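Here we start with a single chain on its own, the form deposited in one PDB entry, put down as structure tokens.
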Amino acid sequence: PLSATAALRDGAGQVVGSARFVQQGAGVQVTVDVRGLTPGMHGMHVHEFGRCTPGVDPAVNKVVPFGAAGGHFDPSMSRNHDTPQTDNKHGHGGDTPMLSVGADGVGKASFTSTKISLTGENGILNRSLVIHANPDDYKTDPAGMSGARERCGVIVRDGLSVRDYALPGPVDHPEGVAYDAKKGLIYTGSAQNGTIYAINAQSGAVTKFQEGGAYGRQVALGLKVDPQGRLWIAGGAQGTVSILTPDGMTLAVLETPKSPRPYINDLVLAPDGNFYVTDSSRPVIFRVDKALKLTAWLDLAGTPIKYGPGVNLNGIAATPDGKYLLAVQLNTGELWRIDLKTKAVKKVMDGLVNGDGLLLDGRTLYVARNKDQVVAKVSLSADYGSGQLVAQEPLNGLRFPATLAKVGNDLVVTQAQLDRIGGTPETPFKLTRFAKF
């Protein structure tokens, strides 16, 4: 059972109440218990950002209490304030019913809403609940004349500890992530401009490992660190695989064949010492041997993997017994097993639509499902010929999770917001570290 809690605080930071969110179906059972308010009806809404600090209110363009919570949660971008009964396509998903405060200054509420969820596109984990000074006329934009923000609490997933690493840029869109255990460095790359950030896993300190923009370095997708500490970078529509030295210098840019519509997506270093590289547009798997010789290792046109619209093969892993590759086809949601010795291809399972980055830990496979805003967990059979979906974790809210890396006994996932590229992402961009579940 998914559940979350917001400790509601006043302007001075004192805890004055709490709201509880419990998943029931596709909606949420909400209870609010707060004291110390003025009696009457108070606007109450789920706001887009999980920040109960001052920030700019667009109505006056000045900093206001709880302004950093942003506007009302608006998963459909309706940009229209309406009733708690309006479908999200026409009104803010965060438009919840007003809080009634009795004469003793205590507010209680208990309602169910299908406009919000703890998972998926309507998910409100790491968003916020704001109680206002005035009543909500459920009509006037942007907030129904609810006026000043009087109480606010960040919605936090119950029973789960996570750690965020925040990035500095306005369009970072971190896509790939990798980890140098000897250096204690997390690397993450920008899908937008190719910059590689370095993150000290212990302190959280962020630096630029290498600025993007040069040949083979305009886009950075899937990332891996090899035993020598070199960073391998899938190059997207550049059609390249690029390699950086531990010092941050470009060692090589490797080209794939100049056939139309390249999209080099992700990669993995198998126990055999070879890298295997997915292309989500062209039906081919590339291999880069220890000699940095890149070949078109498997033509998928003969196999049962059929390419279609959107992203095809993308996340990829190698079984630690050296026998297979596993690769997820995002658009069909199929997980494929590829025999490294014979190049035979076998469907493992389906049910993984929007499956993106893979992370294999023995017979446990973690799968970011980007549009679904979860990390799925799959249990595989010993021959890797079949699997079962055992859990889907929204953690504490994931805005388009893309790829995964092992950091000690933890995992780290990028919140890529790739569905907002060219649009209006939330800032800061962040990576999220969490225990294997």
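Numbers for residues come from their place in the sequence shown, where the first is 1. What we label the rigid core is the largest C-alpha set whose atoms superpose within 1.5 Å from one form to the other.
Undergrad: Which wins on mean Cα temperature factor, 165-173 or 103-111?
TA: Mean CA B-factor is higher for 103-111.
Undergrad: Which of the two stretches, 302-310 or 351-359, shows the higher mean Cα temperature factor in the record?
TA: 302-310 has the higher mean C-alpha B-factor.
Undergrad: Between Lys182, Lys224, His72, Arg217, which one tops the list for Cα B-factor in this entry?
TA: Each of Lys182, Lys224, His72, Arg217 was compared by C-alpha B-factor; the highest is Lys182.
Undergrad: Which one of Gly239, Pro271, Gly194, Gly333 shows the top CA temperature factor in the record?
TA: It is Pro271.
Undergrad: Would you please rank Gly153 by its C-alpha temperature factor against the other modelled residues of its chain and give the third it falls in: lowest, middle or highest?
TA: For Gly153, whose C-alpha B-factor we compare with every modelled residue in the chain, the answer is the lowest third.
Undergrad: How does the C-alpha B factor of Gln388 compare with the rest of the chain: lowest, middle or highest third?
TA: According to the entry, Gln388 has a C-alpha B-factor in the chain's middle third.
Undergrad: When the deposited Cα B-factors of this chain's modelled residues are ordered and cut into thirds, is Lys406 in the lowest, the middle or the highest one?
TA: Answer is highest: the recorded C-alpha B-factor places it there.
Undergrad: Sort the modelled residues of this chain by their C-alpha B factor and say whether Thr140 lands in the lowest, middle or highest third.
TA: It belongs to the highest third of the chain when residues are ordered by C-alpha B-factor.
Undergrad: C-alpha B factor of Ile124, ranked within the chain: lowest, middle or highest third?
TA: Lowest third.
The discussion below concerns the form deposited in another entry, not included here.
Undergrad: Scan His173, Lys115, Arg282, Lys224 for the one whose CA shifts by 2 Å or more between this form and the one not shown after superposing the rigid core, and name it.
TA: Spelled out, the residue whose C-alpha shifts by 2 Å or more is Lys115.
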